[PDB]
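Residue-level structural notes
Take a look at the letters that make up each chain.
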2 protein chains.
Amino acid sequence: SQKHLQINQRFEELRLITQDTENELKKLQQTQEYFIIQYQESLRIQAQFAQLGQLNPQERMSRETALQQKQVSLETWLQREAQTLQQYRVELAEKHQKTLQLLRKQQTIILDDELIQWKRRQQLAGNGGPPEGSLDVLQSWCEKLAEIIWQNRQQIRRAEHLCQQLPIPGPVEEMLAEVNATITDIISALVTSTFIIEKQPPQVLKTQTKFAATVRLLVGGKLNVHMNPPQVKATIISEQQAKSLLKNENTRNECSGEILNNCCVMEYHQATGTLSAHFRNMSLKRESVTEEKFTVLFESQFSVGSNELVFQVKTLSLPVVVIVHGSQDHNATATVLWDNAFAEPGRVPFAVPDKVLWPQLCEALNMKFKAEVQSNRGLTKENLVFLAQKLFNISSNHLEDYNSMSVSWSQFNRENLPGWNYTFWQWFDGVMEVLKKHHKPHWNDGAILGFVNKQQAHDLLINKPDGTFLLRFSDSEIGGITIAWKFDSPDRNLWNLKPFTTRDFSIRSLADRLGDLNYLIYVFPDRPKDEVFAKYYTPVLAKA
Amino acid sequence: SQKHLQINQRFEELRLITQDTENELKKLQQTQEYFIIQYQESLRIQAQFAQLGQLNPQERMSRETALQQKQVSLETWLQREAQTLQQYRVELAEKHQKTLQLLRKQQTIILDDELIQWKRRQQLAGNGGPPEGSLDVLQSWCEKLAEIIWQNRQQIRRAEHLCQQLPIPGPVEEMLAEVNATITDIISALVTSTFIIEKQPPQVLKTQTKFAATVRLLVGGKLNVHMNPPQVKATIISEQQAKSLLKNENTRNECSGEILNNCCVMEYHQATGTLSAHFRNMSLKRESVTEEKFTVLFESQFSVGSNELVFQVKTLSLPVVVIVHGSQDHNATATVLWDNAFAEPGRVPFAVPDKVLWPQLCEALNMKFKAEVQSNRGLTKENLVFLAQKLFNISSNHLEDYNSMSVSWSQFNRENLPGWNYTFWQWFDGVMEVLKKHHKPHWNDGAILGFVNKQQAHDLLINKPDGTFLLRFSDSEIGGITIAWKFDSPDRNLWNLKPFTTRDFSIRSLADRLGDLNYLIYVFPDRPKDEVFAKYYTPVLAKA
C-alpha cells in the first residue's frame, strides 16, 4: 500500500510536532513559574523600603542604596523577560495553529476519503459488491487521530491555565480562542463521523422479523467512552423525516415508522479497542408501498473525557424497504438495488437518479447477478446485450451502441415490457430467483445458456447434430427456462417445449427432467448430456 | 516477599470472580433479550384472535384451536422462564455481594495496612528514618484495585439497565441498591485515600523560602482522570483548623496561615501511569511561636469515568513549623521531631503525647543523630546512658534502669537542665549541629568519644600514657567539644582546656587545632595522633 503508508507518516509528523509543542509548553511554564517568584522577589525588596524605619545613621541611608540598585536590575530583568514570556507564548500558539492545520488535513483525508470510501464499499456490498473489509485499519487511523488531537487539547488547555493565571494584554487571547475554536470543530467532526454502522440492517425487511445491526464508534477506544458505555437507541424513520433530521428542524421524537423491539447498551472489547453495539434481535411494527424508503436511525449520547465535552451522535442506516405482504421481496429489492447502485455522494437522504446510462445499470445488474447465483460467471458481453435488447426493445446487436442510452426507473420497473404483463426487473429478478433457487451449480457448470431469444435459439441449433439443445430464459413465462432442441424433421417452429418454473423444478428437478428425455442428446456447444448432468441425476437402490 | 505475594492472589481471585460475573451477566442478558421477543411472540399470536374475523367455515373455527394451543404452551414457557430470569438475577446480585466483600477486604488490607505503613515509613523518614521506598509497588496495587472495582461497577450498572427495562417485583431492587450502595463507599475510600503526598513539604520552613511538594493520586492511572488533569491547590492551615476540617465543620475558605505562591496542574507520565503534581516552587507569607504547628493542605476536585461520579480529594501534610526569625531552626526542629516520632495512628490532626518512655525517645534521638551526622555510628548503649543521666539528672549507671521512666515534652525542651541555661534538646541539638557541621568524618572515623562527663574523662585517662586525651561534648559551653588530656604532673582538675564551638572551628579546624598541640599525643583508646588526624591536617607548598 502506498497512499495508506503515506498517512502513517502524516501521523508520525503529527506525533512529533505534537511531541514538541508540550516541550515548549513545559519550559514556557518553568519560565512563568520563575518569572512569578521574581515579580515577587521584587515586591519583597520593595516593602523593604517601608521597613528601613529601623535606621542607624550612615548604614541605613546607604542600604536604601543597595535596595534601589537591586530593583533597577530586577525591574530590568522583569520588563525584559515579560516580552520573552509574551513572545514564547505567541510562538507556541501559532505552533498549534500549525499542528492543527496538518491534523485537519489528516482528519479530512481519513474521514472524507478513507471512511466515505469504506462506506460506499459497504453500500455496494448491498447489491452484492465486494465486502467492505475490516474496520480495523480505519480504527487504528481514528484512535491515532483522537489520541493526537486530544493531547493538543489538554495542551492549549494548560496554555489557558497559564495565561489566565498571568494576564498579558496581547494578541494571545485571540490566537488561543481561535485555536481553541478550531479544535472543538475538529472533535465534533471526529466523534460524530466515526459513529458508524458496521453491520447494516436488512435492506428489505417485513413487519415483525428478527433482524440485527452492529454499530460502532471508532474513537470510543482512545478518548474515553468505554468508561461507562452509552446506550445506542434504534428508531425507524421515514425518507421524508431523514430529510428533516439533517437540516436540523425536527420535533426530535416523531418517526414515521413507529416502534421496534430493541435499543441496547454499547460494549467494549478490550484488546481490540472496538466499542461495538450489536442489536442482534430487533423487530418491526407499523407512488407505491413497494417504493417506500425508510431508514433506521441510530442515536446515542455521551460525554468525552473527565466530562467537559458532551455529544449526541447520530447515524442513518442505508435505506430500507418495509413490506407487509405475502411477498414482494422482488419489487422492493429493486428500489433498493437502484438506491445502492446510483446514490450520489452526499445526496440529501434519499436522492436517487431518475435516469441512468445503460452501462452503469449493467454493472449493477452483473454484480447482483453473480452475488445472487453465487458464481463468478457474470453477464458476459453478449448477455448484457440480450438484456439491452429486451429492456430497450430495439434490435441494435452489439453493446457499445447503448453506452449513451438512458434507462428511467420507470423503464426499469414501472413500464411493463412490450410483449408482456411484467416489467424488465420482474423478468431479470425471476431469472436470478430460479437460478439461485435450483440451478446454482448448473450456471458456472455452464449448462444453462440462458440469455438468448427464440430466434437465436433457432440459429445456434439448426445446423447442429440431432438432439442438440439449449436452455433459454423463457420470456414465454413468468420466471422459467424453456428447453429448445433440434431434431431433423423440425420446423421454423423448431423443437422447443413450454417453460418450467420453480413449481415444476420442486415437484421434479431439471437435471432429472432433462435425463428422462431421449431426444435431448447434447447440451449446446457440442458436449453430450450425461456429461453435463449425470452428477445431478437422482438415484435409488435402482437398476440398469 | 510472603504477605505481599498473598495479595497478588487475592487479586487474581477478584480477577476471575469478577471475570465470571459478567459471564453470567451476558447470558442472563441473552435470556432477557430472548424472553422479551417471546412476551411479544405471545402478544403476536393473541391479537391473532381479534383478526380471525376473516373466517371461513370449519377452518377458522379450527384455527382458534391451533392458536389457543400455541398460547397454552407459550404462557407456560413464559411463566416458567420468568422465575428462571428472577432466580439468575438474584444469583448474580448475591454474586456481586460476594466479589465486593472480598474486594472490600483487599481494599482494606491495601489502604489501611500497606499505605498507612508506607505513610509512617515516610513520617519517620522525617526524623531521618529509612526512606519510604517507591510508591510504585502500591500503585500497581491500587490501579489493579481501581480496575477490578470499576468493572464490577459497570457490571451492576448493566444489571440496572436490565431490571429497569424489565421490572420483576422482587428482592432484587434491594440487593441491587444495597450492592450499588457499597460499591460507592468502596470508591470514595479508594479515590480519597489514594490522593497522597509523595514528597512532603519541609517540616520547618521560614517565611518566603522556596520549597516543594509532590502529590500524586495512585488511581489516576486506571479510572480516568489524566483525561483532563485537575488542578491541585496548596493552602497552609493551622493545627486548630485541621481539627475543624476533619469533623467537617469548616467555612471552607479560611486558613490561619494565609497565601503561598503556588497552586498547580496535575500531570500524567504515560508508561509509569503516575499522575503526579509537583509543586517545585511554593512560598510562605503570614505557649510559643516555636511550638506552633501548621499543615499544608492539598485539595483537588474532579470527576471519574465518562462523568457520573465527581469527587473532592483532600490531603494534609505532615505538620510544619513556620519561623519568622533570625534562626531557631533548633527549637522548631524539636517540636517536629517529637511530632514525627510519637504521633499516634489516626490522632485528630496534631495529637502528640505529652510524656514518653525513655527508650522510645532513645530510638528517635538515635535515628535523627545518625541521619544528621551521616554515619551509622549510632548512640551506643553507653551513649544513651550518658544522655539519660544528663536528661534525667540522676546517677543510675546502666540503661535498662530507664526503661520505665518517662520524659515530658517539658523535660525534653521546656525545663533547662539543672546546671545550665539551656534545655536537654538544646544540648543534643548543638552536638549534632557542630558534628555534622565540621566533624562528620571524625565521627565514624572514631576520633571524637563525645558522650562522657568530666569525671568519666578523668577516670578513663588517669592511668594512661602521657598525652593520652579525648574529645568530650562540653556541657561546659553552648555547642562545643573540650579536649581533655593527661600529662603526669596533672591534678584532680587534670589537663582539659576550655571548649571550642563552631566559631573556633571555622576560624581554624579541630584536626589542625589538635595537630599544633604537642602534649596531645594519642587519641583515647591508645592510637597515636597523626594516625587519626593526618588525613585532615591542612598543608601548603610548605616545609619540614
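1. Considerations on the packing of helix α6 (residues 329-342) of chain A against helix α10 (residues 424-438) of chain A
All names here are of chain A.
- Between α6 and α10, the shortest axis-to-axis distance is 10 Å and the interhelical angle comes to 105°. Here α6 lies roughly perpendicular to α10, going by the angle between them. Every residue of α10 that contacts α6 at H330, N331, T333, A334 and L337 is listed here: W425, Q426, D429 and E433.
- Residue classes in the contact of α6 with α10 are distributed as 3 nonpolar, 4 polar and 2 charged.

2. Looking at the sheet that holds strand β12 (residues 469-474) of chain B
Residues and elements named next belong to chain B.
- The antiparallel open sheet is built from 3 strands, whose spatial order is β12-β13-β14. The two strands at the open ends of the sheet, each matched to only one other strand, are β12 and β14 (496-500). Neighbouring strand axes in the sheet, compared pairwise and without regard to direction, differ in orientation by 20° on average.
- Across 6 bridges, the pairing between β12 and strand β13 (residues 480-485) is antiparallel. Opposite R472, over in β13, you have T482 as the bridge partner.

3. Considerations on the side chain of B:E143
- One can find B:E143 in helix α3 (residues 136-163).
- The side chain of B:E143 sits in the buried core without any salt bridge; B:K222 is the nearest counter-charge, 5.6 Å away.

4. What to know about the relation of the copies chain A and chain B
- Aligned on chain B, chain A shows an RMSD of 0.0 Å; the corresponding rotation is 180° and the shift along the axis is 0.0 Å. The operation mapping one copy onto its partner corresponds to a two-fold rotation axis. Of the C-alpha atoms belonging to chain A, the one lying closest to the rotation axis is found on A:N307, 2.5 Å away.
- Mapped onto chain B, 100% of the interface residues of chain A again fall at the interface, so both copies present the same surface.

5. Some thoughts on the sheet that holds strand β13 (residues 469-474) of chain A
Residues and elements named next belong to chain A.
- Sheet architecture is open: 3 strands sit in the order β13-β14-β15, paired in antiparallel fashion. Two strands in the sheet have a free side with no partner beyond their single neighbour: β13 and β15 (496-500). Pairwise comparison of adjacent strand axes, ignoring direction, gives a mean angle of 20° for this sheet.
- One ladder, built from 3 bridges, connects strand β14 (residues 480-485) with β15; its direction is antiparallel.

6. Considerations on the nonpolar core
- Counting 59 residues, the largest nonpolar core has A:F279 and A:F298 as the members making the most contacts within it.
- Top contributing element to this core by residue count: helix α3 (residues 136-163) of chain A, with 9 residues.
- Filtering out sequence-adjacent residues up to four positions away, A:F298 remains in contact with A:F195, A:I197, A:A213, A:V215, A:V232, A:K233, A:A234, A:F279, A:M282, A:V313, A:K314 and A:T315.
- Formed by 58 residues, the second largest nonpolar core is a distinct cluster that contains B:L145, B:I148, B:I197 and B:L218.

7. Side note on the interface of chain A and chain B
- Taken together, the contacts link 32 residues of chain A with 32 residues of chain B.
- For the pair chain A and chain B, the summed buried surface comes to about 2,800 Å²; carbon and sulfur atoms form 42% of the total.
- Among the residues chain A hides against chain B, the three largest losses belong to A:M227, A:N228 and A:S306. Together they make up 23% of the total.
- At the boundary of chain A and chain B, one finds 0 salt bridges.
- Applying the counting criterion to the chain A and chain B interface returns 15 residue pairs in polar contact.
- Mapped by element, the contributors of at least two residues to the side of chain A that touches chain B are α1 (4-44), α3 and β7 (278-282) of chain A.
- With 5 residues, the single largest contributor to the side of chain A that touches chain B is α1(A).
- A breakdown of the residues in the side of chain A that touches chain B according to their chemical character gives 7 nonpolar, 18 polar and 7 charged.

8. A look at the domain arrangement of chain A
Residues and elements named next belong to chain A.
- We note that the domain assignment places domain 1 (1-195), domain 2 (196-325), domain 3 (326-447) and domain 4 (448-534) within chain A.
- Taking the mean C-alpha position of each, domain 2 and domain 3 sit 31 Å from one another.
- Each partner contributes to the roughly 1,600 Å² buried at the junction of domain 2 and domain 3, and carbon and sulfur atoms together form 62% of this total.
- Contact with domain 3 buries area across many residues of domain 2, yet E291, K293 and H325 alone supply 33% of it, more than any other trio.
- Run the count over domain 2 and domain 3 and you get 2 salt bridges.
- On the surface where domain 2 and domain 3 come into contact, there are 5 residue pairs in polar contact.
- No other element matches helix α5 (residues 239-246), which puts 4 residues into the side of domain 2 that touches domain 3.
- Looking at side-chain class alone, the side of domain 2 that touches domain 3 contains 7 nonpolar, 5 polar and 5 charged residues.

9. Some words on the environment of A:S73
Residues and elements named next belong to chain A.
- With respect to the secondary-structure elements, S73 resides in helix α2 (residues 62-125).
- Take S73: its relative accessible area is 44%, and that puts it in the partly exposed class.
- A distance of 3.2 Å separates a polar side-chain atom of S73 from the backbone oxygen of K70.

10. Some remarks on the UniProt feature "domain: SH2" in chain A
- What UniProt calls "domain: SH2" maps, in this numbering, to residues 443-540 of chain A.
- End-to-end, the C-alpha atoms of residues 443-540 of chain A are 26 Å apart, and along that stretch the chain is 31% helix and 17% strand.

11. Some thoughts on the packing of aromatic side chains
- Tallied over the entire structure, the rule returns 49 aromatic pairs over all chains.
- The interplanar angle of 35° and the centroid separation of 4.5 Å between the aromatic rings of A:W485 and A:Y519 together place this pair among those described as tilted. One end of the pair, A:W485, is in strand β14; the other, A:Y519, is in the loop between α14 (510-516) and α15 (529-533), and 34 residues separate them in sequence.
- Overall, A:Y519 belongs to the partly exposed group, its relative accessible area being 30%.
- Centre to centre, the rings of B:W427 and B:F473 are 6.1 Å apart; their planes meet at 80°, and the pair counts as edge-to-face. One end of the pair, B:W427, is in helix α10 (residues 424-438); the other, B:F473, is in strand β12, and 46 residues separate them in sequence.
- B:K390 extends its terminal NZ or CZ atom over the ring of B:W427, reaching a point 4.0 Å from the ring centre.

What counts and what doesn't
Residues numbered from 1 in each chain as written, not as in the entry; some residues may be left out. Chains lettered and ligands numbered in written order. Heavy atoms only, no water. Axes fitted to C-alpha atoms, helices over the stretch in contact; angles between N-to-C directions. Helix = DSSP H or I, 4+ residues; strand = E, 2+ residues; numbered from the N terminus. Parallel < 35°, antiparallel > 145°, perpendicular 65-115°, else oblique. Contact = heavy atoms within 4.5 Å. Nonpolar A, V, L, I, M, F, W, Y, C, P; charged D, E, K, R; others polar. Pairing = 2+ DSSP bridges. Buried < 20%, exposed > 50% of the residue type's maximum accessible area, 1.4 Å probe, protein only. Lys, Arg positive; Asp, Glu negative; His and termini not counted. Salt bridge = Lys/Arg side-chain N within 4 Å of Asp/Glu carboxyl O. Least-squares fit on C-alpha atoms. Core = buried A, V, L, I, M, F, W, Y, C linked by side-chain atoms within 4.5 Å. Buried area = accessible area lost by both parts, 1.4 Å probe. Polar contact = N/O pair within 3.5 Å; in protein donor to acceptor, adjacent residues only side chain to side chain. Domains from an automatic or database assignment. UniProt positions renumbered as here; feature names shortened; annotations may be inferred. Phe/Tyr/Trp six-rings, centres within 6.5 Å; stacked < 30°, edge-to-face > 60°. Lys NZ or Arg CZ within 6 Å of the ring centre and 35° of its normal.

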